[PDB]
Each structure stands twice: as C-alpha cells, then as structure tokens.
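Enquirer: Contents of run07.pdb (PDB, C-alpha atoms and all ligand atoms) are below:
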MODEL        1
ATOM      1  CA  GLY A   1     215.810 -81.559-162.111  1.00  0.00           C
ATOM      2  CA  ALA A   2     213.542 -80.362-159.251  1.00  0.00           C
ATOM      3  CA  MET A   3     215.662 -81.413-156.224  1.00  0.00           C
ATOM      4  CA  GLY A   4     213.483 -80.962-153.110  1.00  0.00           C
ATOM      5  CA  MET A   5     214.093 -84.057-150.946  1.00  0.00           C
ATOM      6  CA  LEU A   6     211.803 -83.519-147.878  1.00  0.00           C
ATOM      7  CA  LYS A   7     214.136 -84.564-145.022  1.00  0.00           C
ATOM      8  CA  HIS A   8     213.705 -83.888-141.240  1.00  0.00           C
ATOM      9  CA  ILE A   9     215.265 -80.353-141.288  1.00  0.00           C
ATOM     10  CA  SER A  10     213.276 -79.866-138.022  1.00  0.00           C
ATOM     11  CA  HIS A  11     216.104 -80.105-135.404  1.00  0.00           C
ATOM     12  CA  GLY A  12     214.291 -82.215-132.797  1.00  0.00           C
ATOM     13  CA  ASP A  13     214.076 -85.543-134.646  1.00  0.00           C
ATOM     14  CA  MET A  14     217.276 -86.958-133.030  1.00  0.00           C
ATOM     15  CA  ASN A  15     218.122 -89.905-135.353  1.00  0.00           C
ATOM     16  CA  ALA A  16     221.860 -89.050-135.525  1.00  0.00           C
ATOM     17  CA  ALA A  17     224.056 -89.216-132.352  1.00  0.00           C
ATOM     18  CA  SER A  18     226.934 -86.760-131.646  1.00  0.00           C
ATOM     19  CA  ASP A  19     228.838 -89.540-129.737  1.00  0.00           C
ATOM     20  CA  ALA A  20     230.754 -92.459-131.374  1.00  0.00           C
ATOM     21  CA  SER A  21     234.282 -92.878-129.889  1.00  0.00           C
ATOM     22  CA  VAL A  22     233.972 -90.731-126.706  1.00  0.00           C
ATOM     23  CA  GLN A  23     235.453 -92.841-123.822  1.00  0.00           C
ATOM     24  CA  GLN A  24     235.507 -89.798-121.487  1.00  0.00           C
ATOM     25  CA  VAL A  25     237.697 -87.903-123.980  1.00  0.00           C
ATOM     26  CA  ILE A  26     238.700 -84.878-121.889  1.00  0.00           C
ATOM     27  CA  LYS A  27     238.251 -81.629-123.856  1.00  0.00           C
ATOM     28  CA  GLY A  28     240.035 -78.325-123.195  1.00  0.00           C
ATOM     29  CA  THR A  29     241.483 -75.198-124.839  1.00  0.00           C
ATOM     30  CA  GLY A  30     244.683 -73.104-125.027  1.00  0.00           C
ATOM     31  CA  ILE A  31     247.355 -71.620-127.342  1.00  0.00           C
ATOM     32  CA  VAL A  32     249.739 -74.011-129.202  1.00  0.00           C
ATOM     33  CA  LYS A  33     253.241 -73.135-127.970  1.00  0.00           C
ATOM     34  CA  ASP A  34     255.302 -75.809-129.867  1.00  0.00           C
ATOM     35  CA  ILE A  35     254.733 -78.791-132.270  1.00  0.00           C
ATOM     36  CA  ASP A  36     257.147 -81.766-132.487  1.00  0.00           C
ATOM     37  CA  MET A  37     255.791 -84.513-134.786  1.00  0.00           C
ATOM     38  CA  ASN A  38     259.179 -86.367-134.443  1.00  0.00           C
ATOM     39  CA  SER A  39     258.561 -87.422-130.770  1.00  0.00           C
ATOM     40  CA  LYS A  40     254.774 -86.858-131.395  1.00  0.00           C
ATOM     41  CA  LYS A  41     254.709 -84.145-128.631  1.00  0.00           C
ATOM     42  CA  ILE A  42     252.732 -80.867-129.057  1.00  0.00           C
ATOM     43  CA  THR A  43     253.535 -78.349-126.300  1.00  0.00           C
ATOM     44  CA  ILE A  44     250.318 -76.320-125.851  1.00  0.00           C
ATOM     45  CA  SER A  45     249.851 -73.559-123.257  1.00  0.00           C
ATOM     46  CA  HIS A  46     246.480 -74.925-122.049  1.00  0.00           C
ATOM     47  CA  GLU A  47     243.883 -73.221-119.829  1.00  0.00           C
ATOM     48  CA  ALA A  48     242.048 -74.403-116.661  1.00  0.00           C
ATOM     49  CA  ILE A  49     240.551 -77.754-117.848  1.00  0.00           C
ATOM     50  CA  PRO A  50     238.041 -78.883-115.045  1.00  0.00           C
ATOM     51  CA  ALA A  51     237.230 -82.203-116.892  1.00  0.00           C
ATOM     52  CA  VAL A  52     240.739 -83.526-115.990  1.00  0.00           C
ATOM     53  CA  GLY A  53     241.250 -80.988-113.160  1.00  0.00           C
ATOM     54  CA  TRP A  54     244.416 -79.202-114.440  1.00  0.00           C
ATOM     55  CA  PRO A  55     245.019 -75.337-114.171  1.00  0.00           C
ATOM     56  CA  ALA A  56     246.340 -72.917-116.865  1.00  0.00           C
ATOM     57  CA  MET A  57     249.875 -74.291-117.616  1.00  0.00           C
ATOM     58  CA  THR A  58     252.182 -74.989-120.622  1.00  0.00           C
ATOM     59  CA  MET A  59     252.504 -78.793-121.221  1.00  0.00           C
ATOM     60  CA  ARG A  60     253.054 -81.239-124.154  1.00  0.00           C
ATOM     61  CA  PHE A  61     250.388 -83.688-125.465  1.00  0.00           C
ATOM     62  CA  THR A  62     251.358 -87.040-127.111  1.00  0.00           C
ATOM     63  CA  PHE A  63     249.327 -87.841-130.284  1.00  0.00           C
ATOM     64  CA  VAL A  64     249.021 -91.343-131.845  1.00  0.00           C
ATOM     65  CA  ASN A  65     248.966 -90.194-135.537  1.00  0.00           C
ATOM     66  CA  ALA A  66     249.637 -86.842-137.281  1.00  0.00           C
ATOM     67  CA  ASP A  67     246.121 -85.916-138.512  1.00  0.00           C
ATOM     68  CA  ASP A  68     245.126 -83.246-141.102  1.00  0.00           C
ATOM     69  CA  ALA A  69     244.268 -81.036-138.075  1.00  0.00           C
ATOM     70  CA  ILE A  70     247.792 -81.636-136.661  1.00  0.00           C
ATOM     71  CA  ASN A  71     249.266 -80.974-140.170  1.00  0.00           C
ATOM     72  CA  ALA A  72     247.434 -77.612-140.518  1.00  0.00           C
ATOM     73  CA  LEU A  73     248.089 -76.896-136.799  1.00  0.00           C
ATOM     74  CA  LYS A  74     250.638 -74.096-136.068  1.00  0.00           C
ATOM     75  CA  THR A  75     252.203 -72.527-132.923  1.00  0.00           C
ATOM     76  CA  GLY A  76     250.729 -69.175-131.769  1.00  0.00           C
ATOM     77  CA  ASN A  77     247.233 -70.560-132.676  1.00  0.00           C
ATOM     78  CA  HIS A  78     244.498 -70.611-129.963  1.00  0.00           C
ATOM     79  CA  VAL A  79     242.842 -74.068-130.314  1.00  0.00           C
ATOM     80  CA  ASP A  80     240.286 -76.324-128.537  1.00  0.00           C
ATOM     81  CA  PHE A  81     241.438 -79.976-128.244  1.00  0.00           C
ATOM     82  CA  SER A  82     240.450 -83.409-126.892  1.00  0.00           C
ATOM     83  CA  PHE A  83     242.719 -85.984-125.149  1.00  0.00           C
ATOM     84  CA  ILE A  84     242.636 -88.884-122.621  1.00  0.00           C
ATOM     85  CA  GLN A  85     244.738 -89.053-119.400  1.00  0.00           C
ATOM     86  CA  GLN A  86     247.292 -91.946-119.300  1.00  0.00           C
ATOM     87  CA  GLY A  87     249.239 -91.588-116.022  1.00  0.00           C
ATOM     88  CA  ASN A  88     251.382 -88.481-116.768  1.00  0.00           C
ATOM     89  CA  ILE A  89     250.972 -88.839-120.577  1.00  0.00           C
ATOM     90  CA  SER A  90     248.181 -86.673-122.024  1.00  0.00           C
ATOM     91  CA  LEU A  91     247.235 -88.709-125.135  1.00  0.00           C
ATOM     92  CA  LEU A  92     245.910 -86.198-127.735  1.00  0.00           C
ATOM     93  CA  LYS A  93     242.981 -87.825-129.637  1.00  0.00           C
ATOM     94  CA  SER A  94     241.883 -84.847-131.787  1.00  0.00           C
ATOM     95  CA  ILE A  95     242.532 -81.062-132.000  1.00  0.00           C
ATOM     96  CA  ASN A  96     240.415 -78.215-133.488  1.00  0.00           C
ATOM     97  CA  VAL A  97     241.874 -74.837-134.563  1.00  0.00           C
ATOM     98  CA  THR A  98     239.300 -72.233-133.330  1.00  0.00           C
ATOM     99  CA  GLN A  99     241.466 -69.066-133.638  1.00  0.00           C
ATOM    100  CA  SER A 100     244.454 -68.812-136.057  1.00  0.00           C
TER     101      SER A 100
HETATM  102 AG    AG B 201     249.374 -79.613-117.854  1.00  0.00          AG
ENDMDL
END
Show me this structure written as structure tokens.
Ligand SMILES: [Ag+]
Expert:
Amino acid sequence: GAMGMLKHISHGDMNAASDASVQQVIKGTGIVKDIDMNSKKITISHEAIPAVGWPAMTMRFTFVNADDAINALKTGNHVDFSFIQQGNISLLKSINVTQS
C-alpha cells in the first residue's frame, strides 16, 4: 500500500518533550575502569563534571538495577553517564556507551 502518513517532520512543532524523569540528574563522561554488579559499584575514571562540581578522578558509581546498558557496558570503554548525588554515594541512573 501507498504509505505516506503526513506527520510533522518539520522539527519546530515541539509536541514531544525530552524530559520525563530528570530530577536534576547530573550528567558526565569518562572511561569505565571497573564493573562490579555484585556490590552494584562501577568504578569509572570520570572527567571534570561541573554539574556536580567534581574534577577528573577515578571513582565508583552505585546503580539501582543492572540495565541492558550496564550489561553491554565494559571496562576500557569511554562512556557518557547520568547519576544523582546522595551524600558520598553517586547513584547511577543511566549510562550511555559513546566510544567502545
Ligand atoms: Ag569522583
């Protein structure tokens, strides 16, 4: 059949929102340096993240649930991630592999 559904392809009609569950979810980047699903800690050598105000250091991030991203995640991989600060505990919400 002739499938030609005239939708707003014109990127300017903002009907969809990029936000949903962003409660100041602090985003950053760095190279994964270790993954421990057992204690749910992922030690990532992370860069200067100005959103939290932390310099380029190696530190572990606690995740709530092992996602498909976290499953396909490997050490040595340069990634961009998103977490929320909880005292000293950096609670990893989501993680994106940008360079493997
Ligand atoms: Ag740190």
Enquirer: Evaluate the PyMOL selection byres (((chain A and resi 55-57) around 12) and not hetatm) against this structure - the residues, as a list in words, please.
Expert: residues 28, 29, 30, 31, 32, 33, 43, 44, 45, 46, 47, 48, 49, 50, 51, 52, 53, 54, 58, 59 and 60 of chain A
Enquirer: Determine the residue membership of the PyMOL selection byres (((chain A and resi 36) around 12) and not hetatm) for the file above and supply it as a ChimeraX atom specification.
Expert: /A:32-35,37-44,60-63,66,70-71,73-75
Enquirer: Spell out the residues picked by the PyMOL selection byres (((chain A and resi 82-99) around 6) and not hetatm) here, as JSON, numbers by chain.
Expert: {"A": [25, 26, 27, 61, 62, 63, 78, 79, 80, 81, 100]}
Enquirer: Can you report as lines of an AutoDock Vina configuration file the centre and edge lengths in Å, to one decimal, of an axis-aligned box around the listed atoms of region 28-42 of chain A padded with 5 Å on each side?
Expert:
center_x = 249.6
center_y = -79.5
center_z = -129.0
size_x = 29.1
size_y = 25.8
size_z = 21.6
Enquirer: Rounded to one decimal, what separation in Å do you get between CA of residue 24 (chain A) and CA of residue 69 (chain A)?
Expert: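 These two atoms are separated by 20.7 Å.
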